[PDB]
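**Q** sequence first, structure after; it's an experimental one.
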Amino acid sequence: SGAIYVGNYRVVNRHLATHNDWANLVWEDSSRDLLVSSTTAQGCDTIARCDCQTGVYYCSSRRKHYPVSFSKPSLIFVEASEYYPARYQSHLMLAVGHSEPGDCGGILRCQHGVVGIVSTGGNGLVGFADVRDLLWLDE
Ligand SMILES: NC(=O)[C@H]1CCCN(C(=O)Cc2ccccc2OC(F)F)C1
Ligand SMILES: [Zn+2]
């Protein structure tokens, strides 16, 4: 679990969105596993606007942060679940690192700010849903 709070927005994994998130929906994309809902309180997370391929992510199954090299946002296969069927998830970035069910929502950050959130994993890999292209999160 975990979310990004920037301005009047809350960014979460679409498969983990709540009734409140859906009732205050701004945008959602099943192919990216992202949902953005509106908030009354002002968020202060800074979003990165860069092409960094190195950063640090929070791994809740170890209560630790890990440094990672990650790939550029791309289309990548993801097995079924209480939430989705086999499909290509777009805007996904992979890294060699630990992740297990329960780790979704952990933030990935570089020197410029928030890069994305944990969305997939398995086999010694971790996948992050990129948010750097969502320029509207700032305005
Ligand atoms: N379709 C999706 O984006 C995910 C929906 C929930 C299920 N998905 C996973 O990958 C679950 C998973 C399995 C083994 C290790 C780590 C895992 O993820 C965690 F890091 F994000 C896929
Ligand atoms: Zn950066």
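**A** Perfect, I can see it now. Numbering: from 1, shown residues only. Ligands and ions are numbered 1, 2, ... in the order given.
**Q** ok, residue 49 to ligand 2 distance?
**A** 8 Å (CB to the ion, to the nearest Å). C-beta coordinates here come from the backbone N, C-alpha and C atoms, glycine included.
**Q** now do the SS call for the residue lying closest to that residue once chain neighbours are set aside.
**A** Spatially, and ignoring its direct neighbours in sequence, residue 49 is nearest to residue 132 (6.1 Å; CB to CB, 6 or more residues apart in numbering). Under the three-state scheme (DSSP: H, G, I helix; E, B strand; the rest coil), residue 132 adopts coil.
**Q** does residue 132 touch residue 46 like I think?
**A** No - contact between residue 132 and residue 46 fails when scored by CB atoms under 8 Å: they sit 11.5 Å apart.
**Q** tally of neighbours for the closest residue to ligand 1 within the chain?
**A** Per CB to the nearest ligand atom, residue 121 is where the chain lies closest to ligand 1, at 2.8 Å. Residue 121 has 22 neighbours, counted by other CB atoms under 10 Å.
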